[PDB]
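**Student:** Here's a sequence, model it:
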Amino acid sequence: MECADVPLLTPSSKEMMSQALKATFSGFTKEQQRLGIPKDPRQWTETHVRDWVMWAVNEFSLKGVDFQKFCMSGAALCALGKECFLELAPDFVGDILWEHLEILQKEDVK
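**Tutor:** Numbers count the residues shown, from 1 in each chain. Shown next is the structure:
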């Protein structure tokens, strides 16, 4: 068990979000509060969802997201589920966003 610098998985596809996303999540969620944007997703507007949508995206330079495919009100954002969301973006980006989607809600995940 390496505790100094813990090795995870093969840094090709997902390891990027593993280190980058899970750490960076505090970024939007911090200004989310500032923007008066509710911490959870299931009550967002199309604006709030897309804000957070393009955030994990713009961080990763996933900036080829179809904002129209990403037209979710927060309840819709939630309603899609992983299945839909990841088909709703590139399979990495959907889960990238889906992670933070889950992360926003993980602040109250039970």
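
**Student:** So which bits of stretch 22-41 are buried?
**Tutor:** Taking 16 or more other C-beta atoms under 10 Å as the basis for neighbour counts, the residues of stretch 22-41 that come out buried are 24, 25, 28, 29, 32, 37, 40, 41. Using the backbone N, CA and C atoms, a C-beta is placed for each residue, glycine as well.

**Student:** same question, stretch 87-94
**Tutor:** Under the neighbour-count criterion of 16+ other C-beta under 10 Å, stretch 87-94 has 88, 89, 90, 93, 94 buried.

**Student:** give me every residue that touches the first one.
**Tutor:** Read that as residue 88. 69, 70, 80, 94 (C-beta atoms under 8 Å, 6 or more residues apart in numbering).

**Student:** which stretches of this protein form helices?
**Tutor:** 15-24, 26-34, 46-60, 74-79, 81-88, 91-106 (DSSP state H).

**Student:** ok, how many other residues are close to the residue nearest to residue 93 when sequence neighbours are not counted?
**Tutor:** Leaving aside its sequence neighbours, residue 93 sits nearest to residue 62 (C-beta to C-beta, 6 or more residues apart in numbering; 4.4 Å). Residues lying near residue 62 (other C-beta atoms under 10 Å) number 18.

**Student:** quick one: the closest residue to residue 60 other than its chain neighbours from residue 14, how far?
**Tutor:** Spatial nearest neighbour of residue 60, excluding adjacent residues (C-beta to C-beta, 6+ apart): residue 96 at 6.1 Å. Distance of residue 96 to residue 14, computed by C-beta to C-beta, to the nearest Å: 9 Å.

**Student:** Great, nothing more from me.
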